[PDB]
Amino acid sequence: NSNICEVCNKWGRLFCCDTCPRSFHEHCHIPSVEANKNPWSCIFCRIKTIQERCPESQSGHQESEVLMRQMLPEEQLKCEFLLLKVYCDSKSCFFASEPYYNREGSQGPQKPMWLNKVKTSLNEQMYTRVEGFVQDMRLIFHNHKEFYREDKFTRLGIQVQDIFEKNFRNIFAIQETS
């Protein structure tokens, strides 16, 4: 197995996947690495299995259909993996914890949002459809763009949103377009 966490790229107390060479900190993995379970398979492995069991699940889909899906176990897992892929980028630090807003010439968002809040919401099964999760994720970046206005720091929202969107299209097999 790898000797660094797959998400944060640091050493520490790592839990190793039994079916692939990845390792994780307990709370870097999503869901948090399960107490017992030998063997243990990480979220990457669990996602690969879904695909292998139903190869047609990789055919293209319309976003509007994906968003209306109920959060059954496989969709819950896919949103967990998508959230994990965002944490995998170091720039996610900016969006992880609860923000505060006191900048001359700007007003804070009506509905603040952040990664750890989305993580808790998924853990608590608060989303009934994929749309709920995706709306909260996109709200993170939209709030950032609006608040930071013409400051060049707005770009960090564009950057992390692009990671989210690419991974959303991959994980949910959105039909490719120009």
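Heads up: residue numbers just count along the shown sequence, starting at 1.
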| property | result |
| --- | --- |
| Between 3-11 and 167-175 (mean CA B-factor, as deposited), the higher | 3-11 |
| Given 102-110 and 88-96, the range whose Cα B-factors average higher in the PDB entry | 102-110 |
| Among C28, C54, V66, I140 - the residue whose C-alpha B-factor is largest in the record | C54 |
| Relative C-alpha B-factor of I50, binned into the chain's lowest, middle or highest third | highest |
| Third of chain Cα B-factors occupied by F133 | lowest |
| Third of chain Cα B-factors occupied by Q161 | lowest |
| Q70 - Cα temperature factor, lowest/middle/highest third of chain | middle |
| For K117, the third of its chain into which the C-alpha B factor falls | lowest |
